[PDB]
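Here's the structure, in structure tokens; my notes come after.
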Amino acid sequence: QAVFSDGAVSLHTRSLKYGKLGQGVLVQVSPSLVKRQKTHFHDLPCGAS
RNA sequence: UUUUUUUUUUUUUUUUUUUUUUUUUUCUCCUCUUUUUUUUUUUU
């Protein structure tokens, strides 16, 4: 949502695609291998998202 | 003879801890010559 005065970040969930997630797996990598785009949500035609 | 409207200095604070100088090496190593050893004694 906005940037605080000491580098803190406030985040909001004011939409329909945002909120608590369900089942799946999580993979954590360095935050420099992700390419900037305009659609970070994907529905890959393989059987998963 | 030139009207009307365009917000602004991050929210939070009432957290526990039962130790003690230093600290850790260096090897074996030819001693030259008048001697037995003098000696009581007294004046401090």
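Every chain in the structure tokens has a letter given in the order shown (A, B, ...), and although residue numbers restart at 1 in each chain, ligands are simply numbered from 1 in the order shown.
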
Do you have, as a tab-separated table, the list of residues of chain A lying at most 12 Å from range 5-22 of chain B, each with its nearest atom pair and that distance in Å to one decimal, counting only C-alpha atoms (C1' of nucleotides) and ordered by chain then number?
```
residue	atom	partner	partner_atom	distance
A:2	CA	B:10	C1'	9.7
A:3	CA	B:10	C1'	8.4
A:4	CA	B:10	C1'	5.0
A:5	CA	B:10	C1'	5.9
A:6	CA	B:10	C1'	8.1
A:7	CA	B:10	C1'	9.8
A:8	CA	B:10	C1'	8.4
A:9	CA	B:10	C1'	9.5
A:10	CA	B:10	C1'	9.4
```

Quiz item: Using only C-alpha atoms, which of the listed residues (A:11, A:1, A:25, A:17) sits closest to residue 40 in chain A?
Solution: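 Distance minimum relative to residue 40 in chain A lands on A:17.
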